[PDB]
Every structure is written in structure tokens, then in C-alpha cells.
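Here the structure comes first, spelled out in C-alpha cells, and everything after it is commentary.
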Amino acid sequence: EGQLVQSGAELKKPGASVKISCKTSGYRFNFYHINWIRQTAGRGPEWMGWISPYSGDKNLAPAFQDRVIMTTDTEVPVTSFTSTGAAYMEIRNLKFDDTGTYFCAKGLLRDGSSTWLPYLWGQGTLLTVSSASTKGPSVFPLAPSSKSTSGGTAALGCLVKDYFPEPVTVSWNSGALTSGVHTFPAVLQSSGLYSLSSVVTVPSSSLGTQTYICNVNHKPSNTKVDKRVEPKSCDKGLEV
Amino acid sequence: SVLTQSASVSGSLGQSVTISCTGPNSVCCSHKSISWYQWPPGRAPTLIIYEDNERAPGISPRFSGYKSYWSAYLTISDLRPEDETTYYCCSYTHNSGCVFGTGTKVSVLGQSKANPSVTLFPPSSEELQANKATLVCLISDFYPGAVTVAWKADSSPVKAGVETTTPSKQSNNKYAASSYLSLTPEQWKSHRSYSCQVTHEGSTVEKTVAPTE
Amino acid sequence: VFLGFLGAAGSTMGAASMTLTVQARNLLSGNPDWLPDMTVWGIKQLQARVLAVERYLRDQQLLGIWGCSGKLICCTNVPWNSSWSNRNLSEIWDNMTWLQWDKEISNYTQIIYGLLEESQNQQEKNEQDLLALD
Amino acid sequence: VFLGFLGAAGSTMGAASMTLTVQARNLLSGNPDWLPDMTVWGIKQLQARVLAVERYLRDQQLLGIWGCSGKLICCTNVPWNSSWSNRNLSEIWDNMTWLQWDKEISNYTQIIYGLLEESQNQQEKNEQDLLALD
Ligand SMILES: *[C@@H]1O[C@H](CO)[C@@H](O[C@@H]2O[C@H](CO)[C@@H](O[C@@H]3O[C@H](CO[C@H]4O[C@H](CO)[C@@H](O)[C@H](O)[C@@H]4O)[C@@H](O)[C@H](O[C@H]4O[C@H](CO)[C@@H](O)[C@H](O)[C@@H]4O)[C@@H]3O)[C@H](O)[C@H]2NC(C)=O)[C@H](O)[C@H]1NC(C)=O
Ligand SMILES: *[C@@H]1O[C@H](CO)[C@@H](O)[C@H](O)[C@H]1NC(C)=O
Ligand SMILES: *[C@@H]1O[C@H](CO)[C@@H](O)[C@H](O)[C@H]1NC(C)=O
Ligand SMILES: *[C@@H]1O[C@H](CO)[C@@H](O)[C@H](O)[C@H]1NC(C)=O
Ligand SMILES: *[C@@H]1O[C@H](CO)[C@@H](O)[C@H](O)[C@H]1NC(C)=O
Ligand SMILES: *[C@@H]1O[C@H](CO)[C@@H](O)[C@H](O)[C@H]1NC(C)=O
């Protein structure tokens, strides 16, 4: 029942350093090794290294012997079988090849030939090594569109445009709407801009009984945009 | 990665499929343990085969492994629609870390094809306040991973401001993509109708809007 | 590794199997010498160390009625049931403690004793009697 | 058929042999819990359940000194004597109870224990020692 949580998204410059957390729960933190593996589009995935919270024994890749430093706290036992530890990792000498999604995971077994093998993975943490600046997004509403004229389904969403740092998560009506929520990936402009959209398929009869507000939460820039999509349609297939 | 796998692998419905995994003399894929990873790109992967032909708990016995003297093999019986994703192999020891391979994309065909859903959007009034214009062409629920999108201003081709995404797998075992067209208010006012054409491998869906309507 | 009495309570079942004599030798003889003759206080601890040997003899009767009898490791002929802990090998002996094991078996543990006392010696002995005449 | 504890007291010896564990499991553990500390009344029942285990251990010593040792059915190498119950097979196991059997054997029962304790392990063990060197 180990439900691990990593750190948040951060933006850094080349040659600087960044520290990523790896908070655990639901299992004995000192009973398993903690692996760390990255995923960069330049060289695919690469195993970075594992560490032992119990015996204090770490093991890195010879390419990460100088720039990666992994630390662990002592576990905080909640019950006789549950503890809440933490595993941090600092990486220095940031280059362009160290841009991607990083992971920490739980060791496999406590004894045998494959003990440290990663079984329970974290959700991940994306890092972008760039000398550019943090720029907030520009959030627009989307006009409703017909999806099935005979069925009567509308499609309305929000448009996040032109943000340089890490991507953004969006909720609907303070997270009260999950049915029909479909989120599109970001773009890559020639200047290095990222921009995406999100949409939801709403009933055409749901125009005087429900209200749809999209909530954009850009964390590296520490901004939030709450937009109200107008129920007035403009697609000729949707007014019916 | 000196650990070389198969290039790109397809398959049929309800049949078997085989994926290779081998490499360098140091990496002879012999006195070392081999594991397999089902990797949905951008989501949570899954361990299916560990240290040898022994599979992970909960894995259906449709999967199996084999280890020769110079390479490792992955065998998949009874191909399912949810098996259509990329797999990876790793070689390791008890103390060394993981060594990923080149990769092997898997495409299980013989399934029911999907008629696409292509929808066209104009810029709204708030974007008319922003002095820009963006046509939105959304594509979803199409089976083959290949689409070609063309933008036509008054049925005349457009090359600047044309952006088209990559095919992305819908969680319902279908595919999804999109394409945008950036235009200026002068080029938005000086035309009659705008067209987004998506040429399918067996059809073609075109949507036409107009700034006057 | 020894680690003394109960040293492998949190280790794997395989590593804990390496210290069976250690847990066995310290449970039966915690000998108190009751040479002083003190009236009402002796009956309580005497009842205690008598119920101790009563429980020990109950365990010994359970380990004698089965085909197993040596106070050691032993194998039987009752097949393991897939309904009981749907797990493979090496998953049990290398990432599990005897405590959690008995906890997961506690739901189905009561019928295993019956399958060991009846499906074995109530038929194994009878087969031994009808196959020892030739 | 089970018929519970002592269910086959009037049945044949063959049918009664089908319920050995039933009579064996209920004689050793009639466990009373003596947690309350009551003065003069505890010594009587304590002496009772101590003499119980003393008699049980006497029976276990008698069943250990013989070539038999498993608390089950067992065969020996002492021949049956025609003077003891001049009866054929199937006449005993199909028209006789263990009560009447022990009654008829009670006249000659005392020497059978001696023939089992001396004519067996006082010579079987010695033959085992002088035939295990090769
Ligand atoms: C309390 O709980 C903790 C955490 O669960 C346990 O710690 C784990 O202990 C096990 C063994 O008991 C560890 O498993 C082993 O890792 C060893 C690491 O190896 C070597 O090399 C480094 C240098 O990089 C040295 O520093 C180190 O000392 C070692 O020399 C492996 O060598 C072990 O392998 C053995 O078993 C295989 C079986 O296939 C043999 O083939 C090998 O030859 C070798 O004999 C083993 O894999 C594990 O790493 C520990 N940490 C975890 C799980 O996070 C404690 O043991 C436990 N204590 C008690 C008393 O229960
Ligand atoms: C031990 O690890 C394996 C694989 O990581 C897991 O399936 C199993 O449930 C673990 N054991 C326990 C008792 O959780
Ligand atoms: C396992 O147990 C179930 C129910 O207890 C029973 O129906 C089944 O026959 C058993 N199987 C084996 C192989 O013991
Ligand atoms: C091994 O595990 C698989 C999947 O959990 C299960 O189907 C199979 O019955 C198990 N086999 C044994 C022998 O436990
Ligand atoms: C039977 O017993 C009698 C007297 O007890 C004895 O004389 C005789 O030798 C015995 N025979 C056998 C075969 O034991
Ligand atoms: C049982 O029956 C047989 C034959 O009818 C008889 O010889 C024998 O004595 C009987 N058993 C008893 C104990 O009387």
C-alpha cells in the first residue's frame, strides 16, 4: 500500500544545482533500497543510482559519481508496519543533456539476488535545463463546439498559451468535474514556447443547471487563472 | 545503448508476438539477469518479467521469457488491444544497476477500426480582443496511427502558422491528435471560409468555418 | 546469523528458518527454582509454569498426530491450496515475515489443521497397514 | 464414521480402530483455567491433572521402550501366541469389542508387556548396533 510522492516541478539554469525530494508512506522506509532513474530524450532512460536507508550504502553510476548526491532521513514509524521516511537527491553541474523526467522507486526484496529492483515508482518530476526566463501563461476560454448533432454534445475548454517553464495542471469547478475532461499536450515554438489546451464534453441541455469554471495552476511561476467559459455557443451544429 | 532489441514489431489479434533483446561482449546477455518493462509513454510503466522467465505477480501467463546464450527473448500469447505499446528490456546483476535497451514498438492489428472525430474551432471574441486568430482542429477516435492535416484559407493552401501534433493514444485504446493554424486579423477578415482537411488512410474528414458566420 | 532469541522476528521467513532451535530451546526451560516454601505466592507461578507445559504438550500432540513428528523442519503430502495466499515462491520467503504470514493465513488457518490431521494419518496410517503385509 | 468421542465402544475392534485420534485427542487436554487464586481447593484438582499427565507419561514410556514409538498404529516382531485367545482372524475384528478383548487378554496380558520390552529392544537395539558398522 506504499503510496510515494516526489517533489514539485522547478526550473533552473545550466551550471546550477537542483534538489528533488522523494517522500514515502504506507511501507517501511528502512526495509527497501531507494532507486533513482532519469528519462531524458537525448539518451533515453539511464539508471542514476540506488541507496540503502538502513545500512547507509549507496551505489551510483560511474557517470554520476561526481554530480549526484543522494541523502535519506530516518524513518518516522506510524504503526508497527508503516513508516514515513524521505529520500532527497541533489544534482549539480546542470547541462542541456540533463533535461527530462526523473523518478525514485522502492526496492524489490529484502534478500536474494534481486533486492534493490524498482517495484513501486513515484509519479515523476520533470526538469528543464534552460537559460531562458520564467514567463506566466495566457489563459483564454474556448467557444463551445458541436460533437454529435444528433446526440447533442458540446465541447468547451480553456487555452493555456506561451509559457516557458514547467507545464501546468488544470482543474474543473475546483476539481468537481472529471467526466469528459480531456487535456492536450504542450507545443514547442521556434522561440522555445509551450502552449496547450483542455476541453470537456458537456450536455447541451446543461446550460442553466450547471456552471463550468476552469482553474489553471502554474506552480513554477506561482500563478492561478480561474476562467468562466461562456455558455453562448457559436458553432452552427451546436445551437440546436 | 549497446543492448539491441527489435526495431519495430507489429502483430495480429489473438496471436503470439516475439521481442528480442541482446547486445556487447561485456553485455553478452548471459551470466546476467534480464527483465522486461511495459512502458506506456508518458504514464506509469509496469514490470512484467524479472531476473529471468519468472514473471511479476498479477501478470497473466500470456507473457513468457527465454534466455539463450547470447540474447533474451519475450513471448506474448493472445494479443489484446491494451498490449499495443512500447516495451523495453533491462540487463543487470545483483549489484549493478539497470541497463535499458533500444526499444521495440508493438502494434496489434486485426481489430475494429475507428471512424475519426474531427472538430473545427474559430477564435472567440476574447481572442479578437487579443488581435490574433487561431483555428483549432481536434482529432480523436481513429485507429491507424497516421493522419495528414492541411489548412486551406478560402480553399487555398496555407504554409505559415500551420502546426500539427503527433498521434497520441486515447485511454480507450484509440488515438488522438490536434492541429492549429495561427492567423492575423487582416488575414482573418480577408477570407470567406476556412477549411481543415484530415486525410485518413481510408477516408477524409474536412471541416469548413467562416469568419462571417 | 544467530542474533540470539527471536533475533529474526522482522527478517524474512527463509532467514528466520535458520534459527528454529534458538526459539525452541528458550521456551520450554525458563526454570525457576522454588526451593523456598512460601504459602500463597507459589500456587500462581506454579499454575503458570504448569499451563506452560500443558500448552507445550498440546502443541506436541498436534505435531504428533500429523505425519510430521520430528521437532524440526518437515514435509507433508497435503497440497498447498491456491486460495490460501495467492503468491508464488521466493515472494514469500524473501519479502515476508512469519507474523504477516500467520496474519494472512489466519483467515484460512483453521481448516489446514484439519486437512493435516484427517487427510493424512486417518488415511496414511491405514494405507501403511494395508501395504506392509507383502 | 466418527460418532464423536468413544463412539465405537460397542462396535467391532476394526471399526473402533478408525477412531484412534478421536479418543487420543480428548484425553490429554481437558484444560481447566486456574487463574483465580483459591487456597485449599486448587491443590486437589491440581494433583488430579498432574497425576493425569504422570499416567500419560507412564503410557508414553511404555510406548517408547518398545520398537513401536509412533503414537499411531504400529507393528512389532513378537509373534502372537496361540495360547492367548485361541481365535482366528476376522473372528476378532468383526465380532468383538476392545472391552471384551482386554478382558480375555487380562489373564495373559502381563507377560506380553515383558515380551515386548525385553524380547524386542533388549535384542533389536543390540542387533542394530552390531549391524550398522558395515
Ligand atoms: C533489516 O532490514 C534491512 C532492510 O530490509 C536489511 O538490509 C538488507 O539486507 C540484505 C541482506 O540481509 C541486503 O541484501 C544484500 O545486499 C548485498 C549488498 O552487497 C555488497 O556490495 C556492497 C558494495 O557495493 C557492500 O557494501 C556490501 O556490504 C555487500 O558486500 C548483497 O551482496 C547481498 O547478496 C547476497 O545474496 C545473494 C543471493 O542471491 C548472493 O548471490 C550473493 O553472493 C550475496 O551472498 C544481498 O543482495 C539488502 O541490500 C539490505 N538492504 C535493503 C533490503 O534495503 C537487514 O539485513 C535486516 N536485518 C535483519 C537482522 O533482519
Ligand atoms: C514483497 O515484494 C513483492 C514485489 O516487490 C510484492 O509483490 C510483495 O507483496 C511484497 N511482500 C509483502 C508482504 O508486501
Ligand atoms: C481449496 O479450498 C477451497 C475452499 O476452501 C476448495 O473448494 C478447494 O477444493 C481447495 N483446493 C485444493 C486444491 O485444496
Ligand atoms: C503464481 O502466480 C500467478 C499469478 O499471481 C498465479 O496465477 C499462479 O497460480 C501462481 N503459481 C503458484 C504455484 O503459486
Ligand atoms: C506361549 O506361551 C506358553 C506359556 O506362556 C509358552 O510355553 C510358549 O512357548 C509360548 N509360545 C509362543 C509361540 O510364544
Ligand atoms: C462372534 O461370532 C462367532 C461365530 O458366530 C463366535 O465364534 C464368536 O465367539 C463370537 N464372538 C464373541 C466375542 O462371542
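Taken in order, these protein sequences are the chains called D, E, T and T'. A prime marks a further copy of an entry chain. If you count by the deposited numbering, then the first sequence holds residues 1 to 52, 52A, 53 to 72, 72A to 72H, 73 to 82, 82A to 82C, 83 to 100, 100A to 100F, 101 to 222, one letter each, in order. If you count by the deposited numbering, then the second sequence holds residues 2 to 9, 11 to 27, 27A to 27C, 28 to 95, 95A, 96 to 106, 106A, 107 to 210, one letter each, in order. If you count by the deposited numbering, then the third sequence holds residues 518 to 547, 547A to 547H, 569 to 664, one letter each, in order. If you count by the deposited numbering, then the fourth sequence holds residues 518 to 547, 547A to 547H, 569 to 664, one letter each, in order. The beta carbon of each residue, even a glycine, is placed where N, CA and C say it ideally should be.
Closer than 7 Å to a non-hydrogen atom of ligand 4 - does that hold for the CB of residue i?
{"i": "residue 212 of chain E", "result": "Outside the shown range of chain E, which is 2 to 210, sits residue 212 of chain E, and nothing can be said about it."}
{"i": "residue 665 of chain T", "result": "This structure leaves residue 665 of chain T out entirely; chain T is present only between 518 and 664."}
{"i": "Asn616 of chain T", "result": "yes"}
Which whole-angstrom value describes the C-beta separation of residue i and residue j, a residue pair presumed to lie in contact below a C-beta threshold of 8 Å?
{"i": "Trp69 of chain E", "j": "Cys23 of chain E", "result": "Rounded, the Cβ-Cβ distance is 11 Å, inconsistent with contact."}
{"i": "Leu175 of chain D", "j": "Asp144 of chain D", "result": "5 Å"}
{"i": "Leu178 of chain E", "j": "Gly158 of chain E", "result": "6 Å"}
{"i": "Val150 of chain D", "j": "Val198 of chain D", "result": "6 Å"}
{"i": "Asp56 of chain D", "j": "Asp624 of chain T", "result": "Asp56 of chain D to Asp624 of chain T, Cβ: 19 Å. No contact."}
{"i": "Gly95A of chain E", "j": "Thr5 of chain E", "result": "The pair is not a contact, with the Cβ atoms about 19 Å apart (cut-off 8 Å)."}
{"i": "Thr24 of chain D", "j": "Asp86 of chain D", "result": "Incorrect: roughly 24 Å between the Cβ atoms, too far for contact."}
{"i": "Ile195 of chain D", "j": "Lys206 of chain D", "result": "Not really, about 12 Å apart at Cβ, beyond 8 Å."}
{"i": "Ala78 of chain D", "j": "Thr71 of chain D", "result": "5 Å"}
{"i": "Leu15 of chain E", "j": "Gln167 of chain E", "result": "With 8 Å as the limit, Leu15 of chain E and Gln167 of chain E do not qualify as a contact, their Cβ atoms being about 19 Å apart."}
Quick one: does the C-beta of residue i sit closer than 7 Å to a heavy atom of ligand 2?
{"i": "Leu663 of chain T'", "result": "no"}
{"i": "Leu96 of chain D", "result": "yes"}
{"i": "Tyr101 of chain D", "result": "yes"}
Using 7 Å as the cut-off, classify the Cβ of residue i as near or not near the heavy atoms of ligand 5, replying yes or no.
{"i": "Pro609 of chain T'", "result": "yes"}
Per DSSP, which one or two residues make a beta bridge with residue i?
{"i": "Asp65 of chain D", "result": "Note: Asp65 of chain D sits in no beta bridge, so no partner."}
{"i": "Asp85 of chain D", "result": "Bridge partners of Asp85 of chain D: none, in fact."}
{"i": "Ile37 of chain D", "result": "D:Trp47 and D:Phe91"}
{"i": "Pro123 of chain D", "result": "D:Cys140"}
{"i": "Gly64 of chain E", "result": "E:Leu73"}
{"i": "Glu203 of chain E", "result": "E:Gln194"}
{"i": "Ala130 of chain E", "result": "E:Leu180"}
{"i": "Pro39 of chain E", "result": "In the DSSP output, where bridge partners are listed per residue, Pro39 of chain E has none listed."}
{"i": "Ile33 of chain E", "result": "E:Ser90"}
{"i": "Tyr176 of chain D", "result": "D:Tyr145"}
{"i": "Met80 of chain D", "result": "D:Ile20 and D:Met69"}
Measuring from the CB of residue i, is there a heavy atom of ligand 1 at a distance below 7 Å?
{"i": "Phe31 of chain D", "result": "yes"}
{"i": "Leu520 of chain T", "result": "yes"}
{"i": "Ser34 of chain E", "result": "no"}
{"i": "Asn35 of chain D", "result": "no"}
{"i": "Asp65 of chain D", "result": "no"}
{"i": "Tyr53 of chain D", "result": "yes"}
{"i": "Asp72 of chain D", "result": "no"}
{"i": "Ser534 of chain T", "result": "no"}
{"i": "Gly527 of chain T", "result": "yes"}
{"i": "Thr100C of chain D", "result": "yes"}
{"i": "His197 of chain E", "result": "no"}
{"i": "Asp51 of chain E", "result": "no"}
{"i": "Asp547G of chain T", "result": "no"}
Using a Cβ-based criterion (distance less than 7 Å to any ligand heavy atom), does residue i qualify as near ligand 7?
{"i": "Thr24 of chain D", "result": "The model depicted lacks ligand 7 and carries ligand 1, ligand 2, ligand 3, ligand 4, ligand 5 and ligand 6 instead."}
Collect the residues with a C-beta less than 7 Å away from any heavy atom of ligand 6 and give them in sequence order along the chain. T':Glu621, T':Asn625, T':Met626 and T':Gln630
Decide yes or no for the touch test of the region 518-529 of chain T' against the region 605-619 of chain T': beta carbon pairs closer than 8 Å, at least 3 of them. no
Three or more C-beta pairs closer than 8 Å, one from the region 133-149 of chain E and one from the region 184-191 of chain D: is that the case here? no
Are the region 29-45 of chain E and the region 124-140 of chain E touching by the rule of at least three beta carbon pairs closer than 8 Å? no
For the region 590-610 of chain T' against the region 633-648 of chain T', do three or more pairs of beta-carbon atoms, one drawn from each stretch, fall closer than 8 Å, so that the two count as touching? yes
How about the region 575-589 of chain T' and the region 599-616 of chain T': do they share at least three Cβ pairs that are nearer than 8 Å? no
Is the region 183-193 of chain E close to the region 201-220 of chain D, with three or more CB pairs under 8 Å? no
Are the region 206-216 of chain D and the region 44-58 of chain E in contact at 8 Å, needing three or more beta carbon pairs? no
Is it the case that the region 124-144 of chain D contacts the region 177-185 of chain D, given that we only count it when at least three CB pairs across the two stretches are under 8 Å? yes
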